[PDB]
Amino acid sequence: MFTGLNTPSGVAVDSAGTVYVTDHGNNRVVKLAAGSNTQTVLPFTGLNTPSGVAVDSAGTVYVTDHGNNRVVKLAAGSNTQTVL
Amino acid sequence: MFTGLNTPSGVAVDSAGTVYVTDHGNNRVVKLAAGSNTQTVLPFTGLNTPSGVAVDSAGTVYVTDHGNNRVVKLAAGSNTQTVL
Amino acid sequence: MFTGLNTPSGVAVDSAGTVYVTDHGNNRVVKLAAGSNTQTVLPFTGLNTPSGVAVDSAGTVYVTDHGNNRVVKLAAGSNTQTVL
Ligand SMILES: [Cl-]
Ligand SMILES: [Cl-]
Ligand SMILES: [Cl-]
Ligand SMILES: [Cl-]
Ligand SMILES: [Cl-]
Ligand SMILES: [Cl-]
């Protein structure tokens, strides 16, 4: 289950069936792996009411950091976002 | 044509070219099949100002049900959503 | 870099790694080609606080033109949008 969401805004799904959600009112991005019962919080930092999310074929995750007027990305496995 | 939309928020497109739209102010999700002149309303139920939509490779449709703080999905052909 | 964004809302990424963003408060859609240092503004016209974006396998770009209650698209290479 996704839990503790606040007014979620965006959603994306990768080729593995992992679903990524911008949890807009909690200033975070969460994901739920296919056949997992437990969400994870992606290691973005400093998000402000994030609104949309996409995931490319390499599993890189892209987020419109709505409140900070910027776009950020995280490579799969990475813990350090890049600002586009 | 898409018609009767109210402040649509999200859009997705599948490998068949079917376009899915969250019709935010009408509390519904609509789709337009590639080379169709007529939209369909997907059989989600109880949506509250839905904001984003995605579609996986099996045609499963995922929606951030923004006002209800939850994520919902419908398998292709299914009439019964699942809350994630 | 993406620059001059205002409260960006949606994001999509194509199979080439080109990232497309709805630059919501500037009434436009921007894109950044993979390994490019410079954004481009897509030739949509008349957008009103656009909210979501998607890109199909042929590079056609779809935008929910939120304020105008409509969905618009541009074929790759085209300078003339179509209203869906
Ligand atoms: Cl909100
Ligand atoms: Cl907001
Ligand atoms: Cl609105
Ligand atoms: Cl709302
Ligand atoms: Cl806004
Ligand atoms: Cl708005």
# chains A, B, ... in the order shown; residues from 1 in each chain; ligands from 1

$ calpha_fit_and_write --fixed "chain A" --moving "chain B" --output "PDB file with C-alpha atoms, in the first residue's frame"
ATOM      1  CA  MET B   1       0.000   0.000   0.000  1.00  0.00           C
ATOM      2  CA  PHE B   2       0.810   3.620  -0.551  1.00  0.00           C
ATOM      3  CA  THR B   3       0.029   5.300   2.778  1.00  0.00           C
ATOM      4  CA  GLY B   4       0.313   8.667   4.344  1.00  0.00           C
ATOM      5  CA  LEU B   5      -0.198  10.415   0.981  1.00  0.00           C
ATOM      6  CA  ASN B   6      -1.256  14.102   0.920  1.00  0.00           C
ATOM      7  CA  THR B   7      -2.984  15.370  -2.239  1.00  0.00           C
ATOM      8  CA  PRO B   8      -0.800  13.356  -4.605  1.00  0.00           C
ATOM      9  CA  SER B   9      -0.414  14.934  -7.946  1.00  0.00           C
ATOM     10  CA  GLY B  10       1.697  12.853 -10.422  1.00  0.00           C
ATOM     11  CA  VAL B  11       2.173   9.183 -11.235  1.00  0.00           C
ATOM     12  CA  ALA B  12       4.451   7.141 -13.468  1.00  0.00           C
ATOM     13  CA  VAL B  13       5.022   3.419 -14.009  1.00  0.00           C
ATOM     14  CA  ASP B  14       8.263   1.758 -15.273  1.00  0.00           C
ATOM     15  CA  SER B  15       8.712  -1.341 -17.464  1.00  0.00           C
ATOM     16  CA  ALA B  16       9.017  -3.373 -14.305  1.00  0.00           C
ATOM     17  CA  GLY B  17       5.628  -2.228 -12.986  1.00  0.00           C
ATOM     18  CA  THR B  18       7.116  -0.067 -10.227  1.00  0.00           C
ATOM     19  CA  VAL B  19       4.734   2.841  -9.628  1.00  0.00           C
ATOM     20  CA  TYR B  20       6.200   6.286  -8.665  1.00  0.00           C
ATOM     21  CA  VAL B  21       3.979   8.975  -7.127  1.00  0.00           C
ATOM     22  CA  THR B  22       4.658  12.705  -6.360  1.00  0.00           C
ATOM     23  CA  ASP B  23       3.225  12.986  -2.840  1.00  0.00           C
ATOM     24  CA  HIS B  24       2.617  16.730  -3.391  1.00  0.00           C
ATOM     25  CA  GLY B  25       1.543  17.867   0.114  1.00  0.00           C
ATOM     26  CA  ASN B  26       4.388  15.896   1.794  1.00  0.00           C
ATOM     27  CA  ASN B  27       7.127  17.343  -0.412  1.00  0.00           C
ATOM     28  CA  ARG B  28       8.333  13.939  -1.470  1.00  0.00           C
ATOM     29  CA  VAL B  29       8.269  11.209  -4.100  1.00  0.00           C
ATOM     30  CA  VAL B  30       7.296   7.643  -3.134  1.00  0.00           C
ATOM     31  CA  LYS B  31       7.493   4.352  -5.041  1.00  0.00           C
ATOM     32  CA  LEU B  32       6.001   0.978  -4.767  1.00  0.00           C
ATOM     33  CA  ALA B  33       7.867  -1.919  -6.339  1.00  0.00           C
ATOM     34  CA  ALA B  34       5.824  -4.452  -8.310  1.00  0.00           C
ATOM     35  CA  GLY B  35       4.744  -7.132  -5.862  1.00  0.00           C
ATOM     36  CA  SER B  36       5.899  -5.187  -2.853  1.00  0.00           C
ATOM     37  CA  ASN B  37       3.634  -4.427   0.042  1.00  0.00           C
ATOM     38  CA  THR B  38       5.773  -1.462   1.206  1.00  0.00           C
ATOM     39  CA  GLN B  39       6.488   1.945  -0.248  1.00  0.00           C
ATOM     40  CA  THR B  40       9.831   3.620  -0.339  1.00  0.00           C
ATOM     41  CA  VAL B  41      10.614   7.273  -0.250  1.00  0.00           C
ATOM     42  CA  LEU B  42      12.979   8.321  -2.974  1.00  0.00           C
ATOM     43  CA  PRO B  43      16.098  10.272  -1.771  1.00  0.00           C
ATOM     44  CA  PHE B  44      15.279  13.560  -3.370  1.00  0.00           C
ATOM     45  CA  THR B  45      16.007  16.476  -1.122  1.00  0.00           C
ATOM     46  CA  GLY B  46      14.526  19.981  -0.770  1.00  0.00           C
ATOM     47  CA  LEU B  47      11.373  19.413  -2.859  1.00  0.00           C
ATOM     48  CA  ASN B  48       8.580  21.988  -2.652  1.00  0.00           C
ATOM     49  CA  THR B  49       5.085  20.725  -3.539  1.00  0.00           C
ATOM     50  CA  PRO B  50       6.363  18.507  -6.379  1.00  0.00           C
ATOM     51  CA  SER B  51       3.868  18.014  -9.099  1.00  0.00           C
ATOM     52  CA  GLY B  52       4.777  15.632 -11.944  1.00  0.00           C
ATOM     53  CA  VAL B  53       7.110  12.533 -12.267  1.00  0.00           C
ATOM     54  CA  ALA B  54       8.423  10.439 -15.211  1.00  0.00           C
ATOM     55  CA  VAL B  55      10.781   7.472 -15.413  1.00  0.00           C
ATOM     56  CA  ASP B  56      13.011   6.682 -18.442  1.00  0.00           C
ATOM     57  CA  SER B  57      14.040   3.243 -19.717  1.00  0.00           C
ATOM     58  CA  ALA B  58      17.102   3.204 -17.450  1.00  0.00           C
ATOM     59  CA  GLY B  59      15.027   3.811 -14.364  1.00  0.00           C
ATOM     60  CA  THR B  60      16.038   7.420 -13.994  1.00  0.00           C
ATOM     61  CA  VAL B  61      13.305   9.399 -12.237  1.00  0.00           C
ATOM     62  CA  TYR B  62      12.467  13.017 -13.205  1.00  0.00           C
ATOM     63  CA  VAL B  63      10.363  15.344 -11.038  1.00  0.00           C
ATOM     64  CA  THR B  64       8.997  18.823 -11.581  1.00  0.00           C
ATOM     65  CA  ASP B  65       9.878  20.514  -8.298  1.00  0.00           C
ATOM     66  CA  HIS B  66       6.920  22.878  -8.697  1.00  0.00           C
ATOM     67  CA  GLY B  67       7.554  25.238  -5.769  1.00  0.00           C
ATOM     68  CA  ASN B  68      11.251  25.669  -6.567  1.00  0.00           C
ATOM     69  CA  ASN B  69      10.728  26.377 -10.219  1.00  0.00           C
ATOM     70  CA  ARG B  70      13.059  23.557 -11.277  1.00  0.00           C
ATOM     71  CA  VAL B  71      13.332  19.998 -12.555  1.00  0.00           C
ATOM     72  CA  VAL B  72      15.340  17.337 -10.708  1.00  0.00           C
ATOM     73  CA  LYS B  73      16.447  13.811 -11.473  1.00  0.00           C
ATOM     74  CA  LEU B  74      17.753  10.715  -9.793  1.00  0.00           C
ATOM     75  CA  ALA B  75      19.515   7.797 -11.518  1.00  0.00           C
ATOM     76  CA  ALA B  76      18.403   4.375 -10.380  1.00  0.00           C
ATOM     77  CA  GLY B  77      20.424   3.437  -7.328  1.00  0.00           C
ATOM     78  CA  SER B  78      21.695   6.952  -6.838  1.00  0.00           C
ATOM     79  CA  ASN B  79      21.194   8.942  -3.602  1.00  0.00           C
ATOM     80  CA  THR B  80      22.206  12.289  -5.062  1.00  0.00           C
ATOM     81  CA  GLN B  81      19.731  14.190  -7.300  1.00  0.00           C
ATOM     82  CA  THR B  82      20.815  16.445 -10.146  1.00  0.00           C
ATOM     83  CA  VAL B  83      19.058  19.725 -10.946  1.00  0.00           C
ATOM     84  CA  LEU B  84      18.353  19.966 -14.672  1.00  0.00           C
TER      85      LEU B  84
END

$ select_by_dssp --residues "chain B" --states "helix (DSSP H, G or I)" --output "PyMOL selection string"
chain B and resi 24-26+66-68

$ write_last_selection --atoms "N, CA and C atoms" --output "short mmCIF file (atom, residue, chain, number, x, y, z; two decimals), in the first residue's frame"
data_model
loop_
_atom_site.label_atom_id
_atom_site.label_comp_id
_atom_site.auth_asym_id
_atom_site.auth_seq_id
_atom_site.Cartn_x
_atom_site.Cartn_y
_atom_site.Cartn_z
N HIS B 24 -10.00 16.56 -14.54
CA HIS B 24 -9.85 16.99 -13.11
C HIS B 24 -11.14 17.57 -12.55
N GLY B 25 -11.72 18.56 -13.21
CA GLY B 25 -12.94 19.21 -12.63
C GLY B 25 -14.21 18.39 -12.78
N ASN B 26 -14.21 17.32 -13.60
CA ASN B 26 -15.33 16.38 -13.70
C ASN B 26 -15.11 15.08 -12.97
N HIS B 66 -6.36 12.67 -6.32
CA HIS B 66 -5.74 13.76 -5.55
C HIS B 66 -6.51 14.11 -4.29
N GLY B 67 -7.79 14.30 -4.46
CA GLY B 67 -8.69 14.69 -3.33
C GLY B 67 -8.96 13.64 -2.26
N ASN B 68 -8.68 12.38 -2.59
CA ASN B 68 -8.87 11.26 -1.68
C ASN B 68 -7.57 10.75 -1.23
#

$ select_by_dssp --residues "stretch 1-76 of chain C" --states "strand (DSSP E or B)" --output "PyMOL selection string"
chain C and resi 11-13+19-23+28-32+40-41+52-55+61-65+70-74

$ write_last_selection --atoms "N, CA and C atoms" --output "PDB file, in the first residue's frame"
ATOM      1  N   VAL C  11       5.963  16.515 -16.463  1.00  0.00           N
ATOM      2  CA  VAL C  11       7.236  16.128 -17.074  1.00  0.00           C
ATOM      3  C   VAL C  11       7.065  14.805 -17.794  1.00  0.00           C
ATOM      4  N   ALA C  12       7.741  14.677 -18.924  1.00  0.00           N
ATOM      5  CA  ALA C  12       7.794  13.385 -19.624  1.00  0.00           C
ATOM      6  C   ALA C  12       9.205  13.203 -20.193  1.00  0.00           C
ATOM      7  N   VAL C  13       9.549  11.953 -20.500  1.00  0.00           N
ATOM      8  CA  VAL C  13      10.867  11.661 -21.061  1.00  0.00           C
ATOM      9  C   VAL C  13      10.696  10.646 -22.199  1.00  0.00           C
ATOM     10  N   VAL C  19      13.787  15.334 -22.356  1.00  0.00           N
ATOM     11  CA  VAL C  19      12.873  15.605 -21.235  1.00  0.00           C
ATOM     12  C   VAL C  19      11.988  16.827 -21.643  1.00  0.00           C
ATOM     13  N   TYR C  20      10.683  16.692 -21.450  1.00  0.00           N
ATOM     14  CA  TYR C  20       9.664  17.667 -21.865  1.00  0.00           C
ATOM     15  C   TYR C  20       9.016  18.115 -20.593  1.00  0.00           C
ATOM     16  N   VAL C  21       8.852  19.436 -20.399  1.00  0.00           N
ATOM     17  CA  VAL C  21       8.278  19.968 -19.160  1.00  0.00           C
ATOM     18  C   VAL C  21       7.152  20.944 -19.462  1.00  0.00           C
ATOM     19  N   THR C  22       6.000  20.840 -18.802  1.00  0.00           N
ATOM     20  CA  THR C  22       4.949  21.926 -18.945  1.00  0.00           C
ATOM     21  C   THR C  22       5.325  23.027 -17.969  1.00  0.00           C
ATOM     22  N   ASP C  23       5.740  24.164 -18.507  1.00  0.00           N
ATOM     23  CA  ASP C  23       6.190  25.321 -17.739  1.00  0.00           C
ATOM     24  C   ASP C  23       4.920  26.187 -17.472  1.00  0.00           C
ATOM     25  N   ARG C  28       3.625  27.614 -21.477  1.00  0.00           N
ATOM     26  CA  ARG C  28       4.447  27.006 -22.534  1.00  0.00           C
ATOM     27  C   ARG C  28       4.934  25.645 -22.138  1.00  0.00           C
ATOM     28  N   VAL C  29       5.433  24.909 -23.138  1.00  0.00           N
ATOM     29  CA  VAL C  29       6.108  23.625 -22.964  1.00  0.00           C
ATOM     30  C   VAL C  29       7.549  23.724 -23.442  1.00  0.00           C
ATOM     31  N   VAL C  30       8.488  23.259 -22.618  1.00  0.00           N
ATOM     32  CA  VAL C  30       9.919  23.354 -22.977  1.00  0.00           C
ATOM     33  C   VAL C  30      10.494  21.932 -23.107  1.00  0.00           C
ATOM     34  N   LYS C  31      11.588  21.779 -23.845  1.00  0.00           N
ATOM     35  CA  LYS C  31      12.256  20.476 -23.850  1.00  0.00           C
ATOM     36  C   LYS C  31      13.730  20.650 -23.873  1.00  0.00           C
ATOM     37  N   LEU C  32      14.374  19.621 -23.371  1.00  0.00           N
ATOM     38  CA  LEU C  32      15.804  19.605 -23.265  1.00  0.00           C
ATOM     39  C   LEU C  32      16.278  18.295 -23.861  1.00  0.00           C
ATOM     40  N   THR C  40      14.616  24.218 -25.523  1.00  0.00           N
ATOM     41  CA  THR C  40      13.829  24.712 -26.621  1.00  0.00           C
ATOM     42  C   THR C  40      12.419  24.878 -26.151  1.00  0.00           C
ATOM     43  N   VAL C  41      11.699  25.818 -26.743  1.00  0.00           N
ATOM     44  CA  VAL C  41      10.326  26.007 -26.477  1.00  0.00           C
ATOM     45  C   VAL C  41       9.544  25.377 -27.588  1.00  0.00           C
ATOM     46  N   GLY C  52      -0.291  18.906 -17.749  1.00  0.00           N
ATOM     47  CA  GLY C  52       0.460  17.614 -17.940  1.00  0.00           C
ATOM     48  C   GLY C  52       1.004  17.505 -19.380  1.00  0.00           C
ATOM     49  N   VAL C  53       1.960  16.599 -19.588  1.00  0.00           N
ATOM     50  CA  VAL C  53       2.581  16.328 -20.940  1.00  0.00           C
ATOM     51  C   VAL C  53       2.917  14.809 -21.052  1.00  0.00           C
ATOM     52  N   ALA C  54       2.823  14.267 -22.253  1.00  0.00           N
ATOM     53  CA  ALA C  54       3.207  12.880 -22.521  1.00  0.00           C
ATOM     54  C   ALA C  54       3.829  12.901 -23.870  1.00  0.00           C
ATOM     55  N   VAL C  55       4.617  11.861 -24.198  1.00  0.00           N
ATOM     56  CA  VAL C  55       5.239  11.753 -25.521  1.00  0.00           C
ATOM     57  C   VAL C  55       5.127  10.283 -25.953  1.00  0.00           C
ATOM     58  N   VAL C  61       3.941  14.843 -29.047  1.00  0.00           N
ATOM     59  CA  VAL C  61       3.852  15.423 -27.705  1.00  0.00           C
ATOM     60  C   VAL C  61       2.424  15.874 -27.498  1.00  0.00           C
ATOM     61  N   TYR C  62       1.872  15.494 -26.352  1.00  0.00           N
ATOM     62  CA  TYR C  62       0.459  15.682 -25.930  1.00  0.00           C
ATOM     63  C   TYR C  62       0.435  16.504 -24.645  1.00  0.00           C
ATOM     64  N   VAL C  63      -0.418  17.527 -24.587  1.00  0.00           N
ATOM     65  CA  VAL C  63      -0.426  18.460 -23.472  1.00  0.00           C
ATOM     66  C   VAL C  63      -1.866  18.696 -23.088  1.00  0.00           C
ATOM     67  N   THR C  64      -2.146  18.643 -21.790  1.00  0.00           N
ATOM     68  CA  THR C  64      -3.418  19.068 -21.251  1.00  0.00           C
ATOM     69  C   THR C  64      -3.366  20.549 -21.050  1.00  0.00           C
ATOM     70  N   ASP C  65      -4.082  21.256 -21.919  1.00  0.00           N
ATOM     71  CA  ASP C  65      -4.134  22.736 -21.914  1.00  0.00           C
ATOM     72  C   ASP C  65      -5.207  23.162 -20.873  1.00  0.00           C
ATOM     73  N   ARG C  70      -8.921  21.711 -22.808  1.00  0.00           N
ATOM     74  CA  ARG C  70      -8.683  20.969 -24.023  1.00  0.00           C
ATOM     75  C   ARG C  70      -7.311  20.273 -23.954  1.00  0.00           C
ATOM     76  N   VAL C  71      -7.113  19.383 -24.914  1.00  0.00           N
ATOM     77  CA  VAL C  71      -5.918  18.600 -25.080  1.00  0.00           C
ATOM     78  C   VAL C  71      -5.399  18.926 -26.456  1.00  0.00           C
ATOM     79  N   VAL C  72      -4.089  19.138 -26.561  1.00  0.00           N
ATOM     80  CA  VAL C  72      -3.418  19.501 -27.810  1.00  0.00           C
ATOM     81  C   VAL C  72      -2.206  18.576 -28.050  1.00  0.00           C
ATOM     82  N   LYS C  73      -1.876  18.451 -29.324  1.00  0.00           N
ATOM     83  CA  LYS C  73      -0.735  17.639 -29.700  1.00  0.00           C
ATOM     84  C   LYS C  73       0.049  18.209 -30.816  1.00  0.00           C
ATOM     85  N   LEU C  74       1.350  17.906 -30.793  1.00  0.00           N
ATOM     86  CA  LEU C  74       2.290  18.231 -31.849  1.00  0.00           C
ATOM     87  C   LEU C  74       3.121  17.022 -32.260  1.00  0.00           C
TER      88      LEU C  74
END

$ decode --residues "stretch 54-77 of chain A" --atoms "N, CA and C atoms" --output "PDB file, in the first residue's frame"
ATOM      1  N   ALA A  54       8.284  11.310 -14.043  1.00  0.00           N
ATOM      2  CA  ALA A  54       8.423  10.439 -15.211  1.00  0.00           C
ATOM      3  C   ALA A  54       9.567   9.543 -14.897  1.00  0.00           C
ATOM      4  N   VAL A  55       9.665   8.403 -15.603  1.00  0.00           N
ATOM      5  CA  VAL A  55      10.781   7.472 -15.413  1.00  0.00           C
ATOM      6  C   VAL A  55      11.206   6.985 -16.806  1.00  0.00           C
ATOM      7  N   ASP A  56      12.495   7.123 -17.128  1.00  0.00           N
ATOM      8  CA  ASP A  56      13.011   6.682 -18.442  1.00  0.00           C
ATOM      9  C   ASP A  56      13.329   5.177 -18.424  1.00  0.00           C
ATOM     10  N   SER A  57      13.829   4.704 -19.557  1.00  0.00           N
ATOM     11  CA  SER A  57      14.040   3.243 -19.717  1.00  0.00           C
ATOM     12  C   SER A  57      15.175   2.726 -18.848  1.00  0.00           C
ATOM     13  N   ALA A  58      16.109   3.598 -18.443  1.00  0.00           N
ATOM     14  CA  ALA A  58      17.102   3.204 -17.450  1.00  0.00           C
ATOM     15  C   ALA A  58      16.742   3.343 -16.031  1.00  0.00           C
ATOM     16  N   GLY A  59      15.501   3.728 -15.731  1.00  0.00           N
ATOM     17  CA  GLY A  59      15.027   3.811 -14.364  1.00  0.00           C
ATOM     18  C   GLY A  59      15.366   5.133 -13.720  1.00  0.00           C
ATOM     19  N   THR A  60      15.858   6.086 -14.483  1.00  0.00           N
ATOM     20  CA  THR A  60      16.038   7.420 -13.994  1.00  0.00           C
ATOM     21  C   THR A  60      14.705   8.128 -13.803  1.00  0.00           C
ATOM     22  N   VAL A  61      14.570   8.794 -12.661  1.00  0.00           N
ATOM     23  CA  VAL A  61      13.305   9.399 -12.237  1.00  0.00           C
ATOM     24  C   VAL A  61      13.479  10.900 -12.283  1.00  0.00           C
ATOM     25  N   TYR A  62      12.509  11.562 -12.900  1.00  0.00           N
ATOM     26  CA  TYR A  62      12.467  13.017 -13.205  1.00  0.00           C
ATOM     27  C   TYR A  62      11.245  13.627 -12.528  1.00  0.00           C
ATOM     28  N   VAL A  63      11.424  14.754 -11.839  1.00  0.00           N
ATOM     29  CA  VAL A  63      10.363  15.344 -11.038  1.00  0.00           C
ATOM     30  C   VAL A  63      10.367  16.829 -11.305  1.00  0.00           C
ATOM     31  N   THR A  64       9.184  17.390 -11.536  1.00  0.00           N
ATOM     32  CA  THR A  64       8.997  18.823 -11.581  1.00  0.00           C
ATOM     33  C   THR A  64       8.812  19.310 -10.179  1.00  0.00           C
ATOM     34  N   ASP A  65       9.846  19.979  -9.680  1.00  0.00           N
ATOM     35  CA  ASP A  65       9.878  20.514  -8.298  1.00  0.00           C
ATOM     36  C   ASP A  65       9.155  21.889  -8.313  1.00  0.00           C
ATOM     37  N   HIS A  66       7.832  21.782  -8.307  1.00  0.00           N
ATOM     38  CA  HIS A  66       6.920  22.878  -8.697  1.00  0.00           C
ATOM     39  C   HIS A  66       7.211  24.169  -7.952  1.00  0.00           C
ATOM     40  N   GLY A  67       7.313  24.056  -6.652  1.00  0.00           N
ATOM     41  CA  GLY A  67       7.554  25.238  -5.769  1.00  0.00           C
ATOM     42  C   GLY A  67       8.915  25.899  -5.847  1.00  0.00           C
ATOM     43  N   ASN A  68       9.890  25.175  -6.401  1.00  0.00           N
ATOM     44  CA  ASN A  68      11.251  25.669  -6.567  1.00  0.00           C
ATOM     45  C   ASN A  68      11.521  25.943  -7.975  1.00  0.00           C
ATOM     46  N   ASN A  69      10.498  25.934  -8.848  1.00  0.00           N
ATOM     47  CA  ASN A  69      10.728  26.377 -10.219  1.00  0.00           C
ATOM     48  C   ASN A  69      11.870  25.629 -10.950  1.00  0.00           C
ATOM     49  N   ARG A  70      11.958  24.319 -10.739  1.00  0.00           N
ATOM     50  CA  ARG A  70      13.059  23.557 -11.277  1.00  0.00           C
ATOM     51  C   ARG A  70      12.629  22.095 -11.500  1.00  0.00           C
ATOM     52  N   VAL A  71      13.492  21.385 -12.210  1.00  0.00           N
ATOM     53  CA  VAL A  71      13.332  19.998 -12.555  1.00  0.00           C
ATOM     54  C   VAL A  71      14.534  19.290 -11.983  1.00  0.00           C
ATOM     55  N   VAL A  72      14.301  18.139 -11.355  1.00  0.00           N
ATOM     56  CA  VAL A  72      15.340  17.337 -10.708  1.00  0.00           C
ATOM     57  C   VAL A  72      15.247  15.869 -11.177  1.00  0.00           C
ATOM     58  N   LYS A  73      16.390  15.211 -11.099  1.00  0.00           N
ATOM     59  CA  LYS A  73      16.447  13.811 -11.473  1.00  0.00           C
ATOM     60  C   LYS A  73      17.333  13.007 -10.605  1.00  0.00           C
ATOM     61  N   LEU A  74      16.970  11.728 -10.476  1.00  0.00           N
ATOM     62  CA  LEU A  74      17.753  10.715  -9.793  1.00  0.00           C
ATOM     63  C   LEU A  74      17.918   9.459 -10.639  1.00  0.00           C
ATOM     64  N   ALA A  75      19.172   9.104 -10.904  1.00  0.00           N
ATOM     65  CA  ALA A  75      19.515   7.797 -11.518  1.00  0.00           C
ATOM     66  C   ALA A  75      19.148   6.681 -10.614  1.00  0.00           C
ATOM     67  N   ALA A  76      18.756   5.537 -11.181  1.00  0.00           N
ATOM     68  CA  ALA A  76      18.403   4.375 -10.380  1.00  0.00           C
ATOM     69  C   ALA A  76      19.586   3.991  -9.516  1.00  0.00           C
ATOM     70  N   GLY A  77      19.327   3.677  -8.262  1.00  0.00           N
ATOM     71  CA  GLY A  77      20.424   3.437  -7.328  1.00  0.00           C
ATOM     72  C   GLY A  77      21.154   4.621  -6.747  1.00  0.00           C
TER      73      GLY A  77
END
